[PDB]
Trainee: 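Right, I'll just put the structure down here and ask away after.
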Amino acid sequence: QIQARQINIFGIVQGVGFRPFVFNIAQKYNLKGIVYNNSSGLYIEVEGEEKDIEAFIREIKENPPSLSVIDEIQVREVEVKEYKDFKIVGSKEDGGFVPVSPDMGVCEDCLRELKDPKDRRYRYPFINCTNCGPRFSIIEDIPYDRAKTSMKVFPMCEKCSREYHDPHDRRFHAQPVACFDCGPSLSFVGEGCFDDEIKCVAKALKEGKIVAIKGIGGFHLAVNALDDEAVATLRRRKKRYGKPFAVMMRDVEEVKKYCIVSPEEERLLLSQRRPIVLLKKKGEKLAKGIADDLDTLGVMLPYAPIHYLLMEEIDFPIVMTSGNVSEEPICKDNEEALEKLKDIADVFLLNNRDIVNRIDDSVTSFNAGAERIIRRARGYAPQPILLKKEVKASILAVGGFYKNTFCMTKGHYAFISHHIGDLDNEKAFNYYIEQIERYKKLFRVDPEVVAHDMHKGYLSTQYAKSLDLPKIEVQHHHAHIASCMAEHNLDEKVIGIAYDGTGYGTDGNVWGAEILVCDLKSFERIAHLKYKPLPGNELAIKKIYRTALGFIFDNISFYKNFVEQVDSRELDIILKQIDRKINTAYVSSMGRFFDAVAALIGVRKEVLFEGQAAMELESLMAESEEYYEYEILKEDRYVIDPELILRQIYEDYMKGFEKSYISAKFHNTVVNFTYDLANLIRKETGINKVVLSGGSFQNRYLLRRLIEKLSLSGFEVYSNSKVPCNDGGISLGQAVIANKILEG
Ligand SMILES: [Fe+3]
Ligand SMILES: [Zn+2]
Ligand SMILES: [Zn+2]
């Protein structure tokens with residue numbers, strides 16, 4: 001017997017080698033039929049053995065082409081039609097852009113040619129073809145063409161030229177084609193070294209030195225991830241970091257030794273997008289100082305020819321952290337890196353190919369049955385987000401402050417930028433401004449309106465106000481909810497749960513623990529945490545014991561052991577400044593709530609970076625169904641007093657309960673009261689769609705447990721997946737809100 005199916009794939013499917021893929025996996029499972037493009041995405045007709053079609057449907061479902069963004073797959077039964085063969089058939093929809101693709105990791109064919117001793121490009125560190133290599137990182141302008149890339153200064157040799165022009169070659173119109181004879185080459189700076197440049201880097205790593213490596217999107221810093229001393233000297237030389245290091249490993253087998261790797265996680269690792277994937281550790285096997293006191297590790301695989309070559313010369317994982325002092329934009333030019341990283345790196349691996357657009361490594365993960373991206377950069381940007389509704393007019397969304405991205409709309413596309421970083425330094429600002437001009441140029445966008453955060457002290461806000469265009473201001477947490485709404489094409493009233501550290505509220509106070517009823521044009525504040533004073537504002541976020549004190553300010557005597565640990569003079573002044581309202585904001589913030597908890601139970605008195613106590617509190621928790629009592633009090637809106645929950649936490653602490661146990665109980669309390677609020681709002685409003693966004697949802701337990709709880713009570717639950725739930729996704733939300741305000 002023979003079985004026949006008709007398959008529709010909706011989403012971004014062009015420009016990603018999807019059709020040649022379908023053709024190949026057709027010859028694989030020996031199937032007959034056709035594939036072609038349509039307006040919605042792709043059309044497939046397939047017939048053959050029942051075991052081949054279910055597997056075909058699985059390969060498309062489980063490992064589709066890396067650069068594709070599949071939104072929906074539909075399968076219907078159809079009558080057998082007896083096809084002779086399989087064909088890639090054309091359509092009026094053929095040649096459907098996007099003009100600029102993300103940078104791509106080395107493809108399987110280039111890998112095999114890199115490792116083939118008989119191949120002219122054997123060991124060539126800049127090998128690429130039509131299906132891989134640098135794209136965005138070297139592109140100045142459009143249409144995509146060598147002359148409009150940093151490859152224009154290299155004249156092609158004969159051998160590369162005929163490959164480029166041969167329509168049946170895998171390097172046909174491969175713009176950055178190269179070989180040893182005509183292409184870029186590597187250089188080694190530092191101490192003398194006789195060998196080839198990769199071997200030198202291997203030697204330097206082996207000796208416990210820091211190597212600055214020029215990759216695709218910029219420079220990165222590497223040491224031997226098994227060498228405690230080398231990791232320690234990098235920690236000392238950055239000195240202002242604290243953040244965990246990402247690590248590069250040679251293959252999935254090596255990852256499975258250090259981390260838990262599910263199939264979806266393996267798909268993200270092996271993807272040509274090649275991101276860092278945050279993974280659960282399997283027992284401490286790496287050096288101290290990589291990712292201490294945390295149960296997760298960011299792992300990436302090789303992505304450029306240089307890494308594959310490096311991997312056969314070393315037998316240890318390597319730290320691969322951004323090439324910057326502190327946290328400013330990473331270096332991109334040779335001379336810029338040699339100066340900026342002089343006190344960090346011992347040696348450098350350079351090359352003579354300009355990086356035009358610097359772009360950081362992406363950082364992603366898998367949780368609650370979907371990809372949850374933390375930092376959307378190399379391999380993802382500058383691919384647009386697909387919108388169901390055509391945008392009325394072109395909007396520039398300037399984003400926010402932390403982990404900034406900007407966003408431009410045109411047609412059915414939201415062109416969100418790659419991760420820019422914190423807009424709090426000259427270097428970040430230039431990078432930002434510069435890249436706005438580049439995106440405008442690459443995607444032919446001329447913005448008519450500007451959307452910005454309500455906060456007046458953001459560089460992004462100041463920039464918006466400095467432009468000569470109508471301005472729409474957007475509340476921070478509304479933009480979080482909306483950013484998720486854009487992903488899932490929602491355009492109706494939802495229950496929006498916006499939990500994060502901070503964002504300017506419409507009442508003038510800090511928000512970040514809000515339940516909103518909102519659509520794309522407006523919102524209503526329905527619920528938040530009871531305001532507590534944050535004495536010293538910014539300082540209290542580093543010294544989180546101050547946040548604790550702010551939360552417990554009207555009930556100091558209850559927390560005897562904790563308050564007696566604080567210097568008496570400081571305590572007096574902290575308590576007086578709250579009374580006199582000096583340098584003190586009032587906050588409704590999930591990030592601060594967590595910080596207070598962390599401080600009270602001796603996890604952390606002071607943090608090296610924002611969110612450290614939040615991440616550690618999550619890592620140390622035990623398995624527990626238990627939780628703390630809470631009262632939902634109805635005032636002007638629905639409010640919960642965090643101090644009443646802190647009371648019980650401190651009690652448990654004083655009785656000698658484990659931090660692991662208390663952390664778990666706290667996590668369940670937030671989940672439980674949030675669920676209870678969501679039910680109250682649904683009961684009043686009739687709204688059954690819930691959106692979860694804001695940085696707090698980077699917490700795996702929080703997101704997972706809440707999606708489960710709400711789904712099991714009939715909620716239709718949505719959270720970020722294509723853009724981050726952190727401030728990296730804000731711009732997308734700003735854009736869709738601005739569009740909706742214009743529309744009517
Ligand atoms: Fe935020
Ligand atoms: Zn290739
Ligand atoms: Zn050549």
Side-chain angles (χ1 to χ4, degrees), residues 17 20 66-67 101 103-116 119-121 124 126-135 146 151 154-165 169-185 272 274 303-305 308 374 399-405 422 453-455 458 460 474-484 496-505 510-514 516 587-592 610-611 614 692-698 720 723-734:
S66 304
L67 265 67
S101 93
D103 305 288
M104 285 168 288
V106 200
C107 73
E108 194 85 341
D109 308 303
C110 283
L111 202 60
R112 172 189 39 89
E113 289 177 348
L114 184 65
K115 297 193 179 294
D116 174 15
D119 192 283
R120 182 177 68 101
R121 290 188 178 84
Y124 181 64
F126 305 101
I127 193 175
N128 61 264
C129 70
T130 192
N131 298 326
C132 72
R135 295 295 181 276
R146 188 176 179 103
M151 280 309 291
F154 294 84
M156 283 182 283
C157 69
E158 314 278 57
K159 217 104 76 169
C160 288
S161 185
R162 70 146 298 289
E163 284 178 297
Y164 180 93
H165 291 110
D169 196 279
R170 208 188 72 260
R171 276 169 269 264
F172 172 62
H173 288 333
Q175 305 300 334
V177 276
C179 68
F180 288 102
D181 307 328
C182 70
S185 50
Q272 238 184 306
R274 284 334 230 226
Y303 60 93
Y308 289 100
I374 282 90
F401 166 45
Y402 305 99
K403 306 171 152 76
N404 172 100
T405 62
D422 297 353
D453 202 278
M454 224 147 260
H455 194 136
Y458 281 13
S460 62
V474 182
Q475 199 279 315
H476 190 82
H477 301 88
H478 185 201
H480 270 311
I481 305 315
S483 79
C484 178
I497 305 170
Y499 293 173
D500 68 1
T502 175
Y504 181 82
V510 173
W511 292 8
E514 325 306 311
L516 316 171
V587 308
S588 162
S589 165
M590 193 55 63
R592 297 298 73 72
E610 150 69 338
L692 316 175
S693 202
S696 294
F697 290 115
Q698 282 166 286
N720 291 282
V723 300
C725 67
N726 63 44
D727 293 4
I730 282 296
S731 65
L732 174 60
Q734 290 173 341

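All ligand and atom numbering here is 1-based and tracks the order in the structure. Hydrogens, waters and symmetry mates are skipped; everything else that's a heavy atom, side chains included, is used. This chain uses plain numbering: 1 for the first residue, then up along the sequence.
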Trainee: Quick one: pull up CG in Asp116 and CG in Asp109 and give me the separation to the nearest 0.5 Å.
Mentor: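 So the CG of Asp116 and the CG of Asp109 are separated by 12.0 Å.
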
Trainee: Sequence neighbours excluded, which residues qualify as side chain to side chain contact (heavy atoms under 4.5 Å, CB included) partners of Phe154?
Mentor: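 Counting only residues at least two positions away or on another chain, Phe154 forms a side chain to side chain contact (heavy atoms under 4.5 Å, CB included) with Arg146, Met151, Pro184, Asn352.
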
Trainee: Say whether, by atom type as modelled, one donor and one acceptor occur between the side chain of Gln734 and the main chain of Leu732 under 3.5 angstrom.
Mentor: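 Between the backbone of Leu732 and the side chain of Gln734 there is no qualifying donor-acceptor contact (under 3.5 Å).
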
Trainee: Looking from the Zn ion (ligand 3), what is the angle between SG on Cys182 and SG on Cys179, to the nearest 10°?
Mentor: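 The two atoms subtend 120° at the Zn ion (ligand 3).
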
Trainee: Charged N to carboxylate O under 4.0 angstrom, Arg592 versus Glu610?
Mentor: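 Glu610 and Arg592: salt-bridged.
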
Trainee: If you have a sec, read the angle at the Zn ion (ligand 3) from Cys160 atom SG over to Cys157 atom SG, to 10 degrees.
Mentor: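 Roughly 110°, rounded to 10°.
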
Trainee: Do the ring planes of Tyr499 and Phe697 sit parallel (below 30°), tilted (30 to 60°) or perpendicular (above 60°)?
Mentor: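 Rings of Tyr499 and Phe697: parallel, under 30°.
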
Trainee: For distances below 2.8 Å, what is the count of protein N, O or S atoms around the Fe ion (ligand 1)?
Mentor: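 Total protein N/O/S atoms under 2.8 Å from the Fe ion (ligand 1): 4.
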
Trainee: If you round to 10 degrees, what value do you get for the angle at the Zn ion (ligand 2) between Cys110 atom SG and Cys107 atom SG?
Mentor: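 It comes to 110°.
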
Trainee: How open is the angle at the Zn ion (ligand 2) from atom SG of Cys129 over to atom SG of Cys132, rounded to 10 degrees?
Mentor: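 SG of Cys129 and SG of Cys132 make an angle of 130° at the Zn ion (ligand 2), to the nearest 10°.
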
Trainee: How are the rings of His477 and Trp511 set relative to one another: parallel (under 30°), tilted (30 to 60°) or perpendicular (over 60°)?
Mentor: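 Taking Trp511 first and then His477, their aromatic rings sit tilted (interplane angle of 30° to 60°).
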
Trainee: Among side-chain atoms of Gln475 and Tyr504, is any donor-acceptor pair under 3.5 angstrom?
Mentor: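 No, no side-chain donor-acceptor contact under 3.5 Å.
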
Trainee: side-chain hydrogen bond (donor to acceptor under 3.5 Å, both in side chains), that's the test. Do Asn720 and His480 meet it? Break it down for me.
Mentor: CA-CA 9 Å; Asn720 291 282; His480 270 311; 5.8 Å; no

